[PDB]
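coords.cif, holding mmCIF, C-alpha atoms and all ligand atoms:
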```
data_protein
loop_
_atom_site.label_atom_id
_atom_site.label_comp_id
_atom_site.auth_asym_id
_atom_site.auth_seq_id
_atom_site.Cartn_x
_atom_site.Cartn_y
_atom_site.Cartn_z
CA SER A 57 194.95 142.55 -126.52
CA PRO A 58 198.17 143.44 -128.39
CA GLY A 59 197.58 140.16 -130.32
CA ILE A 60 193.92 140.60 -131.37
CA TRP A 61 193.06 141.12 -135.02
CA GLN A 62 189.71 141.32 -136.86
CA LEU A 63 189.14 140.14 -140.41
CA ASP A 64 186.91 142.23 -142.65
CA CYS A 65 185.82 141.74 -146.23
CA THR A 66 184.40 144.49 -148.46
CA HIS A 67 183.58 144.95 -152.15
CA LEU A 68 184.58 147.45 -154.82
CA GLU A 69 184.74 147.39 -158.66
CA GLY A 70 183.47 143.80 -158.74
CA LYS A 71 186.42 142.62 -156.64
CA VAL A 72 186.97 141.74 -153.02
CA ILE A 73 189.18 143.59 -150.57
CA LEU A 74 190.29 141.53 -147.57
CA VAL A 75 191.31 143.57 -144.51
CA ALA A 76 192.91 142.70 -141.20
CA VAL A 77 192.54 145.35 -138.51
CA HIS A 78 194.65 145.44 -135.33
CA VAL A 79 191.82 146.14 -132.90
CA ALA A 80 193.68 148.13 -130.24
CA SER A 81 195.33 150.54 -132.75
CA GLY A 82 193.21 150.68 -135.91
CA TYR A 83 196.27 149.59 -137.96
CA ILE A 84 195.44 147.61 -141.08
CA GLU A 85 196.82 145.30 -143.71
CA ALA A 86 194.77 144.65 -146.83
CA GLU A 87 194.74 142.80 -150.16
CA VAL A 88 192.63 142.59 -153.31
CA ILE A 89 191.47 139.05 -154.26
CA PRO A 90 188.96 137.93 -156.90
CA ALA A 91 186.74 136.19 -154.32
CA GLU A 92 186.76 135.42 -150.62
CA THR A 93 187.70 131.77 -150.36
CA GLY A 94 189.06 129.66 -147.50
CA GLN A 95 192.41 129.41 -149.30
CA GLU A 96 192.84 133.15 -149.91
CA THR A 97 191.89 133.87 -146.29
CA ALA A 98 194.33 131.17 -145.02
CA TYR A 99 197.20 132.53 -147.11
CA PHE A 100 196.42 136.11 -145.99
CA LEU A 101 196.53 135.08 -142.32
CA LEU A 102 199.82 133.26 -142.86
CA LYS A 103 201.32 136.45 -144.33
CA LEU A 104 199.92 138.55 -141.47
CA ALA A 105 201.20 136.27 -138.70
CA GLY A 106 204.76 136.22 -140.08
CA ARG A 107 204.78 140.01 -139.98
CA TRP A 108 203.00 140.81 -136.67
CA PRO A 109 202.49 138.70 -133.52
CA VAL A 110 198.93 137.44 -134.15
CA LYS A 111 197.49 135.61 -131.16
CA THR A 112 193.77 135.85 -131.82
CA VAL A 113 191.75 136.43 -135.00
CA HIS A 114 188.07 137.32 -135.08
CA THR A 115 187.13 135.85 -138.41
CA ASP A 116 184.67 137.81 -140.57
CA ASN A 117 181.98 135.19 -141.28
CA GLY A 118 181.17 131.53 -140.60
CA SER A 119 182.47 130.08 -143.86
CA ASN A 120 186.03 131.22 -143.08
CA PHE A 121 185.55 130.14 -139.46
CA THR A 122 184.62 126.66 -140.74
CA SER A 123 187.12 126.43 -143.62
CA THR A 124 189.57 123.52 -143.18
CA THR A 125 192.34 125.47 -144.93
CA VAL A 126 191.74 128.50 -142.64
CA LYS A 127 191.93 126.17 -139.63
CA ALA A 128 195.13 124.53 -140.90
CA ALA A 129 196.77 127.95 -141.39
CA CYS A 130 195.72 129.12 -137.91
CA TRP A 131 197.04 125.84 -136.44
CA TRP A 132 200.29 126.32 -138.36
CA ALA A 133 200.75 129.97 -137.28
CA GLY A 134 199.66 129.46 -133.65
CA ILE A 135 196.58 131.68 -134.08
CA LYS A 136 193.43 131.22 -132.04
CA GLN A 137 190.38 131.58 -134.26
CA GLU A 138 187.30 133.17 -132.70
CA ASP A 139 183.82 134.07 -133.95
CA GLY A 140 183.96 137.85 -134.41
CA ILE A 141 180.41 138.21 -133.14
CA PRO A 142 180.08 141.77 -131.83
CA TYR A 143 179.00 141.82 -128.16
CA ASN A 144 180.58 145.22 -128.46
CA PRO A 145 178.17 146.72 -131.04
CA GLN A 146 180.45 149.70 -131.67
CA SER A 147 182.88 147.19 -133.23
CA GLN A 148 180.30 146.29 -135.96
CA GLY A 149 179.58 149.94 -136.81
CA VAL A 150 183.35 150.50 -136.39
CA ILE A 151 183.97 148.10 -139.28
CA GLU A 152 181.21 149.56 -141.47
CA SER A 153 182.68 153.02 -140.79
CA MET A 154 186.17 151.71 -141.58
CA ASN A 155 185.03 150.20 -144.87
CA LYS A 156 183.37 153.51 -145.79
CA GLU A 157 186.51 155.42 -144.78
CA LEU A 158 188.79 153.06 -146.68
CA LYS A 159 186.66 153.36 -149.84
CA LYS A 160 186.81 157.11 -149.39
CA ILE A 161 190.61 157.00 -149.37
CA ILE A 162 190.63 154.64 -152.34
CA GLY A 163 188.52 157.11 -154.41
CA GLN A 164 190.87 159.99 -153.49
CA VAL A 165 193.94 158.07 -154.75
CA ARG A 166 192.16 156.07 -157.45
CA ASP A 167 193.43 158.17 -160.38
CA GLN A 168 197.09 157.67 -159.35
CA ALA A 169 197.00 153.91 -159.97
CA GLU A 170 196.07 151.84 -163.00
CA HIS A 171 195.03 148.81 -160.91
CA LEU A 172 192.72 148.63 -157.90
CA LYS A 173 195.33 146.66 -155.93
CA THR A 174 197.78 149.57 -156.11
CA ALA A 175 195.07 152.03 -154.98
CA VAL A 176 194.22 149.75 -152.05
CA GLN A 177 197.89 149.74 -150.97
CA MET A 178 198.02 153.54 -151.27
CA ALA A 179 194.92 153.67 -149.08
CA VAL A 180 196.52 151.33 -146.50
CA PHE A 181 199.54 153.68 -146.45
CA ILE A 182 197.40 156.78 -145.99
CA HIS A 183 195.28 155.09 -143.30
CA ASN A 184 198.23 153.80 -141.27
CA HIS A 185 200.19 157.11 -141.45
CA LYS A 186 197.27 159.50 -140.77
CA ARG A 187 197.90 161.33 -137.50
CA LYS A 188 194.87 161.36 -135.17
CA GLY A 193 198.17 162.87 -132.30
CA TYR A 194 199.64 159.41 -132.95
CA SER A 195 199.17 157.41 -136.17
CA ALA A 196 197.79 153.85 -136.21
CA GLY A 197 201.26 152.67 -137.29
CA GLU A 198 202.78 154.41 -134.30
CA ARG A 199 200.09 153.01 -131.95
CA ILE A 200 200.62 149.34 -132.97
CA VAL A 201 204.38 149.57 -132.59
CA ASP A 202 203.97 151.16 -129.12
CA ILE A 203 201.36 148.65 -127.94
CA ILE A 204 203.54 145.69 -128.93
CA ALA A 205 206.86 147.08 -127.63
CA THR A 206 205.10 147.66 -124.30
CA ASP A 207 203.82 144.07 -124.37
CA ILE A 208 207.39 142.78 -124.97
CA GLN A 209 208.96 144.66 -122.02
CA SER B 57 218.65 153.79 -138.98
CA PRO B 58 215.20 152.60 -137.81
CA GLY B 59 214.03 153.50 -141.37
CA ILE B 60 216.70 151.69 -143.45
CA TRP B 61 215.72 148.67 -145.54
CA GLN B 62 217.66 146.58 -148.08
CA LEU B 63 216.12 144.90 -151.10
CA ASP B 64 217.34 141.44 -152.04
CA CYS B 65 216.37 139.13 -154.88
CA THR B 66 217.08 135.39 -154.94
CA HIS B 67 216.04 132.40 -157.06
CA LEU B 68 214.41 129.04 -156.37
CA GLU B 69 212.36 126.52 -158.43
CA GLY B 70 212.63 128.73 -161.53
CA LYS B 71 210.93 131.62 -159.71
CA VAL B 72 212.06 134.81 -158.04
CA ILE B 73 211.80 135.63 -154.35
CA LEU B 74 211.91 139.34 -153.53
CA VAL B 75 213.01 140.19 -149.97
CA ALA B 76 213.13 143.38 -147.94
CA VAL B 77 215.33 143.23 -144.88
CA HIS B 78 215.16 145.74 -142.03
CA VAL B 79 218.90 146.28 -141.63
CA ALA B 80 219.07 147.07 -137.90
CA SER B 81 216.96 144.04 -136.85
CA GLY B 82 217.20 141.35 -139.53
CA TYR B 83 213.38 141.39 -139.87
CA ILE B 84 212.08 140.53 -143.34
CA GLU B 85 209.13 140.70 -145.65
CA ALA B 86 209.17 138.61 -148.82
CA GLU B 87 207.16 137.65 -151.89
CA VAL B 88 207.33 135.22 -154.82
CA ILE B 89 207.09 136.85 -158.30
CA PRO B 90 207.64 135.32 -161.74
CA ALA B 91 210.41 137.81 -162.60
CA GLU B 92 212.05 140.85 -161.08
CA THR B 93 210.57 143.82 -162.93
CA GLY B 94 210.42 147.52 -162.11
CA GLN B 95 206.66 147.21 -161.59
CA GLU B 96 206.80 144.24 -159.20
CA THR B 97 209.54 145.98 -157.20
CA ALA B 98 207.55 149.26 -157.11
CA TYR B 99 204.38 147.50 -155.92
CA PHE B 100 206.36 145.56 -153.29
CA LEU B 101 207.88 148.78 -151.91
CA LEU B 102 204.45 150.42 -151.80
CA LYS B 103 203.15 147.50 -149.71
CA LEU B 104 206.20 147.64 -147.42
CA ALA B 105 206.01 151.38 -146.80
CA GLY B 106 202.31 151.24 -145.83
CA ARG B 107 203.16 148.64 -143.20
CA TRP B 108 206.47 149.93 -141.72
CA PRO B 109 207.98 153.44 -141.67
CA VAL B 110 210.41 153.12 -144.62
CA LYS B 111 212.71 156.12 -144.94
CA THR B 112 215.57 154.71 -146.99
CA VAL B 113 215.81 151.70 -149.34
CA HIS B 114 219.06 150.24 -150.61
CA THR B 115 217.86 148.86 -153.91
CA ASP B 116 219.30 145.47 -154.98
CA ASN B 117 220.65 146.25 -158.45
CA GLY B 118 220.87 149.12 -160.95
CA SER B 119 217.87 148.23 -163.08
CA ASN B 120 215.50 148.72 -160.11
CA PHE B 121 217.45 151.82 -159.09
CA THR B 122 216.86 153.21 -162.60
CA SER B 123 213.27 151.99 -163.10
CA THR B 124 210.81 154.86 -163.60
CA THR B 125 208.02 152.91 -161.88
CA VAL B 126 210.32 152.19 -158.88
CA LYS B 127 211.15 155.91 -158.72
CA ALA B 128 207.47 156.88 -158.92
CA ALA B 129 206.60 154.49 -156.07
CA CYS B 130 209.46 155.79 -153.90
CA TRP B 131 208.38 159.38 -154.64
CA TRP B 132 204.79 158.45 -153.74
CA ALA B 133 205.71 156.69 -150.48
CA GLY B 134 208.35 159.27 -149.38
CA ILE B 135 211.19 156.72 -149.64
CA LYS B 136 214.75 157.76 -150.39
CA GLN B 137 216.29 155.35 -152.88
CA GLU B 138 219.99 154.62 -152.47
CA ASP B 139 222.47 152.40 -154.31
CA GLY B 140 222.96 149.42 -151.96
CA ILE B 141 226.64 149.26 -152.88
CA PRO B 142 228.37 147.50 -150.00
CA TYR B 143 230.83 150.15 -148.80
CA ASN B 144 230.90 147.79 -145.87
CA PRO B 145 231.50 144.49 -147.76
CA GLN B 146 229.41 142.50 -145.27
CA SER B 147 226.61 143.65 -145.87
CA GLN B 148 227.31 141.52 -149.02
CA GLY B 149 228.16 138.32 -147.11
CA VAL B 150 225.24 139.06 -144.77
CA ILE B 151 222.78 138.94 -147.69
CA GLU B 152 224.33 135.82 -149.25
CA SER B 153 224.15 134.16 -145.82
CA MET B 154 220.54 135.30 -145.44
CA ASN B 155 219.56 133.91 -148.83
CA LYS B 156 221.21 130.59 -147.91
CA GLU B 157 219.47 130.60 -144.52
CA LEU B 158 216.10 131.46 -146.04
CA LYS B 159 216.40 128.66 -148.62
CA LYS B 160 217.31 126.33 -145.78
CA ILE B 161 214.09 127.26 -143.96
CA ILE B 162 212.10 126.93 -147.17
CA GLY B 163 213.37 123.33 -147.69
CA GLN B 164 212.47 122.43 -144.08
CA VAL B 165 208.84 123.59 -144.55
CA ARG B 166 208.58 122.80 -148.26
CA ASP B 167 206.51 119.63 -147.82
CA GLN B 168 203.83 121.46 -145.78
CA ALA B 169 202.78 123.69 -148.68
CA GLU B 170 201.61 122.92 -152.20
CA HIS B 171 202.88 126.25 -153.61
CA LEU B 172 206.28 127.90 -153.24
CA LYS B 173 204.65 131.17 -152.17
CA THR B 174 203.11 129.51 -149.09
CA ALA B 175 206.48 127.95 -148.17
CA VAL B 176 208.14 131.36 -148.52
CA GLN B 177 205.59 132.87 -146.11
CA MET B 178 206.17 130.03 -143.65
CA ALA B 179 209.88 130.74 -143.90
CA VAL B 180 209.31 134.47 -143.26
CA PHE B 181 207.31 133.50 -140.15
CA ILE B 182 210.01 131.16 -138.89
CA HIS B 183 212.73 133.72 -139.61
CA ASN B 184 210.99 136.62 -137.88
CA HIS B 185 210.00 134.56 -134.78
CA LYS B 186 213.33 132.72 -134.28
CA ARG B 187 214.79 133.74 -130.93
CA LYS B 188 218.50 134.65 -131.19
CA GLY B 193 217.46 136.18 -126.92
CA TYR B 194 215.16 138.51 -128.86
CA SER B 195 213.51 137.70 -132.20
CA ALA B 196 213.88 139.89 -135.30
CA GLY B 197 210.19 140.75 -134.94
CA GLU B 198 210.78 141.86 -131.37
CA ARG B 199 213.90 143.85 -132.38
CA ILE B 200 212.15 145.87 -135.14
CA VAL B 201 209.21 146.77 -132.91
CA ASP B 202 211.61 147.88 -130.12
CA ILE B 203 213.85 149.90 -132.47
CA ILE B 204 210.90 151.81 -133.93
CA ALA B 205 209.03 152.42 -130.65
CA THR B 206 212.27 153.86 -129.28
CA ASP B 207 212.56 156.08 -132.37
CA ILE B 208 208.99 157.37 -131.85
CA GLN B 209 209.45 158.40 -128.19
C1 LIG C 301 203.77 154.05 -158.96
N1 LIG C 301 202.82 153.60 -159.95
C2 LIG C 301 201.75 152.74 -159.48
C3 LIG C 301 201.97 151.27 -159.74
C4 LIG C 301 203.17 150.73 -159.30
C5 LIG C 301 203.48 149.40 -159.47
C6 LIG C 301 202.56 148.61 -160.09
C7 LIG C 301 201.37 149.11 -160.52
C8 LIG C 301 201.04 150.44 -160.36
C9 LIG C 301 199.72 150.89 -160.86
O1 LIG C 301 199.69 151.94 -161.55
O2 LIG C 301 198.72 150.17 -160.57
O3 LIG C 301 200.59 148.15 -161.11
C10 LIG C 301 201.43 147.01 -160.95
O4 LIG C 301 202.70 147.27 -160.33
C11 LIG C 301 202.91 154.10 -161.24
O5 LIG C 301 203.87 154.79 -161.56
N2 LIG C 301 201.88 153.77 -162.10
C12 LIG C 301 201.79 154.29 -163.46
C13 LIG C 301 202.18 153.15 -164.35
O6 LIG C 301 202.91 153.35 -165.32
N3 LIG C 301 201.63 151.93 -164.01
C14 LIG C 301 201.95 150.72 -164.75
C15 LIG C 301 203.46 150.57 -164.83
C16 LIG C 301 201.35 150.80 -166.14
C17 LIG C 301 201.36 149.52 -164.01
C18 LIG C 301 200.40 154.77 -163.77
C19 LIG C 301 199.74 154.39 -164.92
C20 LIG C 301 198.46 154.85 -165.18
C21 LIG C 301 197.84 155.69 -164.29
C22 LIG C 301 198.50 156.07 -163.14
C23 LIG C 301 199.77 155.61 -162.88
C1 LIG C 302 197.55 125.71 -144.71
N1 LIG C 302 197.85 125.18 -146.02
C2 LIG C 302 198.80 125.92 -146.84
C3 LIG C 302 198.16 126.80 -147.87
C4 LIG C 302 197.25 127.73 -147.41
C5 LIG C 302 196.59 128.60 -148.24
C6 LIG C 302 196.88 128.52 -149.58
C7 LIG C 302 197.78 127.62 -150.05
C8 LIG C 302 198.45 126.73 -149.23
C9 LIG C 302 199.41 125.78 -149.84
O1 LIG C 302 199.34 124.56 -149.52
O2 LIG C 302 200.24 126.25 -150.66
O3 LIG C 302 197.90 127.72 -151.41
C10 LIG C 302 197.19 128.94 -151.63
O4 LIG C 302 196.33 129.31 -150.55
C11 LIG C 302 197.30 123.96 -146.36
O5 LIG C 302 196.43 123.47 -145.65
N2 LIG C 302 197.80 123.36 -147.51
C12 LIG C 302 197.38 122.04 -147.95
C13 LIG C 302 196.31 122.24 -148.99
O6 LIG C 302 195.48 121.35 -149.15
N3 LIG C 302 196.35 123.42 -149.71
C14 LIG C 302 195.52 123.65 -150.88
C15 LIG C 302 194.06 123.68 -150.44
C16 LIG C 302 195.72 122.55 -151.91
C17 LIG C 302 195.90 124.98 -151.52
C18 LIG C 302 198.54 121.21 -148.42
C19 LIG C 302 198.59 120.63 -149.67
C20 LIG C 302 199.67 119.87 -150.06
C21 LIG C 302 200.72 119.68 -149.20
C22 LIG C 302 200.68 120.25 -147.95
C23 LIG C 302 199.59 121.01 -147.57
CL CL C 303 203.58 153.30 -141.09
CL CL C 304 206.61 138.24 -135.38
#
```
Mind converting the file's structure to structure tokens?
Ligand SMILES: CN(Cc1ccc2c(c1C(=O)O)OCO2)C(=O)N[C@@H](C(=O)NC(C)(C)C)c1ccccc1
Ligand SMILES: CN(Cc1ccc2c(c1C(=O)O)OCO2)C(=O)N[C@@H](C(=O)NC(C)(C)C)c1ccccc1
Ligand SMILES: [Cl-]
Ligand SMILES: [Cl-]
Amino acid sequence: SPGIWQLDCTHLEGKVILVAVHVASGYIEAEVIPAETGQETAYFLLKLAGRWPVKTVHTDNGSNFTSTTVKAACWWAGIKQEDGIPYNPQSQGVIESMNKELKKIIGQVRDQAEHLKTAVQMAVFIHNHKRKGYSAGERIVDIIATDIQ
Amino acid sequence: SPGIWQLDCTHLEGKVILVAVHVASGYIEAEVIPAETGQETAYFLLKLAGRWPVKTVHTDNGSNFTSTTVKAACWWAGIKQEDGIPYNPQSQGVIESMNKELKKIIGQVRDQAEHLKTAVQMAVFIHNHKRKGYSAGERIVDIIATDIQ
């Protein structure tokens, strides 16, 4: 449970935003890419797994699930790929709500950045620091420290 | 102390690798860029601060310290910029040793990646997971959870 992440892909300004959400905390990492490809997803996972202890990934669609480069990256990083099919329905509407929320934060910061990628990183910052009260960034640290001890 | 990071910039294959080290733990994040510019450094810091609670950054050289874009990013993210002048000299030997170590890991994985950037991310993974026994990734989580409670 401390090691479960969900991939999510959303669109804005004719570009793609790739998001990884730490399920138990709501913490996210995100990037802007021109298109969702196996290779971009593979590279993103590799970055994620070097930064946080990623045990399981619920991939966002079947193409990435099937991608040989995504599989090679998951093999390399020790990640177990699963089919993020929502038996928990809330999780599906949780994503949709997250995408909406994230686009809301992006629009609020949009004017402070020339490039979408900067605005996305500002939005990641705001999301992870927003106190709900613990922040998502505080929750992920706590969940994983607990898991270690 | 849980919030202190050090920037470091090293060279390989005619490219630049930008590294942020969490001083208390030895944990790192890293990226490949074509050249160290104010803007690249600013963007990197913005990414870092949305992911970990960055309070202080010891910048790697005076150009980045002076850069208006680096200052704007640090203002935005709430980061206090300092001049990473090694008042403790090592420190300075610690970085040099880290750069050497990191290039050693890169050469060991180099054949498993077409592009240098992938090899760098493999090396970050190996570095952060290497048990030394707690890993750097375990140490940073523990230091920050402690700080929260
Ligand atoms: C802290 N930032 C954000 C930032 C940091 C690093 C980056 C960025 C950006 C970005 O604006 O997307 O793009 C790549 O690396 C600024 O100070 N941005 C200024 C600005 O002069 N931006 C540049 C230098 C023309 C790119 C700005 C210009 C226009 C409008 C609003 C702000
Ligand atoms: C898990 N990875 C690493 C990887 C993942 C994602 C990426 C990458 C790379 C990379 O190799 O740098 O480049 C950007 O997005 C592989 O399976 N690499 C293969 C491979 O065929 N890679 C491509 C498809 C030619 C890019 C490989 C090619 C040559 C030598 C060794 C391995
Ligand atoms: Cl944070
Ligand atoms: Cl880790």
To one decimal in Å, tell me the separation between atom CA of residue 115 of chain A and atom CL of ligand CL 303 (chain C). 24.1 Å
Would you write out chain B as a compact mmCIF listing (two decimals) with C-alpha atoms, in the frame of the given file, after superposing it on chain A by least squares over all in-order Cα pairs?
```
# COMPACT_ATOMS: atom_id res chain seq x y z
CA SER B 57 194.98 142.60 -126.51
CA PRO B 58 198.20 143.47 -128.39
CA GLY B 59 197.61 140.19 -130.31
CA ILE B 60 193.94 140.65 -131.34
CA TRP B 61 193.07 141.17 -135.01
CA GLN B 62 189.73 141.36 -136.84
CA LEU B 63 189.16 140.18 -140.39
CA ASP B 64 186.92 142.26 -142.63
CA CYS B 65 185.83 141.77 -146.22
CA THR B 66 184.40 144.53 -148.42
CA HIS B 67 183.58 144.99 -152.12
CA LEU B 68 184.57 147.47 -154.81
CA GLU B 69 184.73 147.42 -158.65
CA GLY B 70 183.43 143.83 -158.73
CA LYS B 71 186.38 142.64 -156.63
CA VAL B 72 186.95 141.75 -153.00
CA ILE B 73 189.18 143.60 -150.56
CA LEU B 74 190.29 141.55 -147.56
CA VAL B 75 191.33 143.59 -144.49
CA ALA B 76 192.92 142.72 -141.17
CA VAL B 77 192.56 145.37 -138.50
CA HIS B 78 194.66 145.48 -135.34
CA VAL B 79 191.84 146.18 -132.90
CA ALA B 80 193.72 148.17 -130.24
CA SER B 81 195.37 150.55 -132.76
CA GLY B 82 193.25 150.71 -135.92
CA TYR B 83 196.30 149.61 -137.97
CA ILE B 84 195.48 147.60 -141.10
CA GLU B 85 196.85 145.29 -143.71
CA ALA B 86 194.79 144.64 -146.83
CA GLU B 87 194.74 142.81 -150.16
CA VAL B 88 192.62 142.60 -153.31
CA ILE B 89 191.43 139.05 -154.24
CA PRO B 90 188.93 137.94 -156.88
CA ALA B 91 186.71 136.21 -154.29
CA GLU B 92 186.74 135.44 -150.60
CA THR B 93 187.70 131.77 -150.34
CA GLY B 94 189.02 129.67 -147.48
CA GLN B 95 192.38 129.42 -149.27
CA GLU B 96 192.81 133.16 -149.89
CA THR B 97 191.88 133.87 -146.27
CA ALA B 98 194.30 131.18 -144.99
CA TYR B 99 197.18 132.53 -147.10
CA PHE B 100 196.41 136.11 -145.99
CA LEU B 101 196.51 135.09 -142.31
CA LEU B 102 199.80 133.25 -142.85
CA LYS B 103 201.31 136.44 -144.32
CA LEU B 104 199.91 138.55 -141.45
CA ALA B 105 201.18 136.28 -138.69
CA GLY B 106 204.75 136.22 -140.09
CA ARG B 107 204.79 140.02 -139.98
CA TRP B 108 203.02 140.82 -136.66
CA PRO B 109 202.53 138.71 -133.52
CA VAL B 110 198.95 137.48 -134.14
CA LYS B 111 197.50 135.64 -131.15
CA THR B 112 193.77 135.89 -131.80
CA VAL B 113 191.75 136.49 -135.00
CA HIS B 114 188.08 137.37 -135.06
CA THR B 115 187.15 135.87 -138.39
CA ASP B 116 184.68 137.86 -140.55
CA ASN B 117 181.98 135.27 -141.25
CA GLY B 118 181.17 131.61 -140.58
CA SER B 119 182.43 130.15 -143.83
CA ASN B 120 186.01 131.28 -143.05
CA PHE B 121 185.55 130.20 -139.44
CA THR B 122 184.59 126.73 -140.71
CA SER B 123 187.10 126.47 -143.59
CA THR B 124 189.53 123.57 -143.15
CA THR B 125 192.31 125.49 -144.91
CA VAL B 126 191.72 128.52 -142.61
CA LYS B 127 191.90 126.18 -139.61
CA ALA B 128 195.10 124.56 -140.89
CA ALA B 129 196.74 127.97 -141.37
CA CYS B 130 195.69 129.14 -137.89
CA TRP B 131 197.00 125.87 -136.41
CA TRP B 132 200.27 126.35 -138.33
CA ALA B 133 200.74 129.99 -137.27
CA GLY B 134 199.63 129.48 -133.62
CA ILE B 135 196.56 131.73 -134.07
CA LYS B 136 193.42 131.26 -132.01
CA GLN B 137 190.37 131.63 -134.24
CA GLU B 138 187.31 133.23 -132.67
CA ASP B 139 183.83 134.10 -133.94
CA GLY B 140 183.95 137.90 -134.42
CA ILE B 141 180.37 138.20 -133.20
CA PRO B 142 179.97 141.76 -131.95
CA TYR B 143 179.07 141.23 -128.29
CA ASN B 144 179.97 144.88 -128.24
CA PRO B 145 177.81 146.07 -131.20
CA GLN B 146 180.38 148.70 -132.22
CA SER B 147 182.68 146.87 -133.16
CA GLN B 148 180.07 146.41 -135.97
CA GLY B 149 179.62 150.14 -136.66
CA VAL B 150 183.40 150.56 -136.34
CA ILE B 151 183.98 148.14 -139.24
CA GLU B 152 181.24 149.63 -141.42
CA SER B 153 182.74 153.08 -140.75
CA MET B 154 186.21 151.74 -141.57
CA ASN B 155 185.04 150.23 -144.85
CA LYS B 156 183.40 153.55 -145.76
CA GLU B 157 186.56 155.44 -144.77
CA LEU B 158 188.82 153.08 -146.69
CA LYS B 159 186.68 153.39 -149.84
CA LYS B 160 186.83 157.14 -149.40
CA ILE B 161 190.64 157.01 -149.38
CA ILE B 162 190.64 154.65 -152.35
CA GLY B 163 188.54 157.12 -154.43
CA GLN B 164 190.90 159.99 -153.51
CA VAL B 165 193.97 158.06 -154.78
CA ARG B 166 192.17 156.06 -157.47
CA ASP B 167 193.45 158.15 -160.40
CA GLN B 168 197.11 157.64 -159.38
CA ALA B 169 197.02 153.89 -159.98
CA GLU B 170 196.09 151.81 -163.01
CA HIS B 171 195.03 148.78 -160.91
CA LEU B 172 192.71 148.61 -157.90
CA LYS B 173 195.32 146.66 -155.92
CA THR B 174 197.79 149.57 -156.12
CA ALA B 175 195.08 152.02 -155.00
CA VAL B 176 194.25 149.74 -152.07
CA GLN B 177 197.91 149.74 -151.00
CA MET B 178 198.04 153.53 -151.28
CA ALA B 179 194.95 153.67 -149.09
CA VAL B 180 196.55 151.34 -146.51
CA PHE B 181 199.57 153.68 -146.46
CA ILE B 182 197.43 156.77 -146.00
CA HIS B 183 195.33 155.07 -143.32
CA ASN B 184 198.28 153.80 -141.29
CA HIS B 185 200.21 157.13 -141.47
CA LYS B 186 197.27 159.49 -140.78
CA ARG B 187 197.93 161.34 -137.54
CA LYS B 188 194.88 161.34 -135.22
CA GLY B 193 198.21 162.90 -132.37
CA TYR B 194 199.68 159.45 -133.01
CA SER B 195 199.22 157.41 -136.20
CA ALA B 196 197.84 153.86 -136.24
CA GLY B 197 201.30 152.69 -137.29
CA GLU B 198 202.82 154.43 -134.30
CA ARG B 199 200.13 153.03 -131.96
CA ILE B 200 200.65 149.36 -132.98
CA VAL B 201 204.43 149.58 -132.61
CA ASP B 202 204.04 151.20 -129.14
CA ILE B 203 201.42 148.68 -127.96
CA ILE B 204 203.58 145.70 -128.93
CA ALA B 205 206.92 147.07 -127.65
CA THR B 206 205.19 147.68 -124.33
CA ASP B 207 203.88 144.10 -124.38
CA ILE B 208 207.41 142.75 -124.99
CA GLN B 209 209.07 144.59 -122.07
```
Which residue, B:127, B:187, B:107, B:136, has the smallest gap to chain A when you use only C-alpha atoms? B:107
Nearest to chain A: which of B:88, B:150, B:105, B:110 is it, counting all atoms listed in the file?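 Of all the options, B:105 lies closest to chain A.
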Residues of chain B within 8 Å of chain A, counting only C-alpha atoms, as a PyMOL selection string: chain B and resi 85+99+102-103+105-108+133+174+177-178+180-182+184-185+197-198+201-202+204-205+208
Restrict the selected residues to C-alpha atoms and save them as a CSV table (one decimal), in the frame of the given file.
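For reference, result-v3.csv as written:
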```
chain,number,residue,atom,x,y,z
B,85,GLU,CA,209.1,140.7,-145.6
B,99,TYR,CA,204.4,147.5,-155.9
B,102,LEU,CA,204.4,150.4,-151.8
B,103,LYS,CA,203.2,147.5,-149.7
B,105,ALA,CA,206.0,151.4,-146.8
B,106,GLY,CA,202.3,151.2,-145.8
B,107,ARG,CA,203.2,148.6,-143.2
B,108,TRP,CA,206.5,149.9,-141.7
B,133,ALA,CA,205.7,156.7,-150.5
B,174,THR,CA,203.1,129.5,-149.1
B,177,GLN,CA,205.6,132.9,-146.1
B,178,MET,CA,206.2,130.0,-143.6
B,180,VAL,CA,209.3,134.5,-143.3
B,181,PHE,CA,207.3,133.5,-140.2
B,182,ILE,CA,210.0,131.2,-138.9
B,184,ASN,CA,211.0,136.6,-137.9
B,185,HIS,CA,210.0,134.6,-134.8
B,197,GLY,CA,210.2,140.8,-134.9
B,198,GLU,CA,210.8,141.9,-131.4
B,201,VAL,CA,209.2,146.8,-132.9
B,202,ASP,CA,211.6,147.9,-130.1
B,204,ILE,CA,210.9,151.8,-133.9
B,205,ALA,CA,209.0,152.4,-130.6
B,208,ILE,CA,209.0,157.4,-131.8
```
